[PDB]
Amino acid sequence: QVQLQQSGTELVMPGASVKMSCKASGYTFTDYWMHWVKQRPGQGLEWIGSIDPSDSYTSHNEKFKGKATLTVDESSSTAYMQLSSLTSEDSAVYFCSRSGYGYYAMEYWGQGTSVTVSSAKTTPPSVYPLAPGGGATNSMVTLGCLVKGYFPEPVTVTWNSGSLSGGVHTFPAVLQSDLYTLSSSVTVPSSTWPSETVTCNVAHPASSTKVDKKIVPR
């Protein structure tokens, strides 16, 4: 079975370079072209460039020529792409892929390396309770937690240590002043809150952070 192994993530400073690896296995490395494809968050696929591992002949999307350097290491069956002078425009997922023999559908894909370009330092989140007041719909009530100003991704949000899993909406993080913010709502029967406890649990592994925020009326 053909596999293409890529590192999950890279955090890079603006102006710095990054060299991403794509390690191939399960076939004769020099017999197939390898390709690199960019995808910005919520956007489409963009071809960056491709390389023939037999002699390291390359082809580039004109706009990446001078930005993306493609090489291989034949001995370890690994293809590399180095991106230089990174900006926030380079924040994206980068896939490597492999075509057929003398045919150019991209048959196998790596899982993609997610690159984040930022000067931010590791910052634990501030967690704020979102509680309503009195007038709250019919027999159901909506609570929330605001997870503000952390870095890097990700955080993990649960409700009541994961025992609440029916009516939760945890929204994708957004960039707010060079830091991340997200929110989570949970909808429950009014019979359950505030008569007993509803707590949001927020883990931020990078800062070794783990905070519980009990939602209290008013």
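Residue indices: 1-based, along the sequence shown.
S.K.: Can you tell me which stretch has the higher mean Cα B-factor, 143-151 or 96-104?
M.R.: Comparing 96-104 with 143-151, the higher mean C-alpha B-factor belongs to 143-151.
S.K.: Do the C-alpha atoms of 38-46 or of 179-187 have the higher average B factor in the entry?
M.R.: Result: 179-187.
S.K.: Could you say which of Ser25, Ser208, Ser17, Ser21 has its CA atom at the highest B factor, as listed in the PDB entry?
M.R.: Among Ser25, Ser208, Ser17, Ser21, the PDB entry lists the largest C-alpha B-factor for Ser208.
S.K.: Between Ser59, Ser56, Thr156, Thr30, let me know which has the highest C-alpha B-factor in the entry?
M.R.: Going by the entry's C-alpha B-factors, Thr156 comes out highest.
S.K.: Can you work out whether the C-alpha temperature factor of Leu83 puts it in the lowest, middle or highest third of the chain?
M.R.: CA B-factor rank for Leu83: middle third.
S.K.: Could you place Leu4 in the lowest, middle or highest third of its chain by Cα temperature factor, using the values in the record?
M.R.: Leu4: CA B-factor falls in the lowest third of its chain.
S.K.: Which third of the chain holds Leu164 when residues are ordered by C-alpha B factor: lowest, middle or highest?
M.R.: Within its chain, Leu164 is a highest-third residue by C-alpha B-factor, going by the deposited values.
S.K.: Going by the entry, which third of its chain does the Cα temperature factor of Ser77 land in?
M.R.: It falls in the middle third of the chain.
S.K.: Split the chain's modelled residues into thirds by Cα B-factor; is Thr71 in the lowest, middle or highest one?
M.R.: Lowest third, going by the recorded CA B-factors of the chain.
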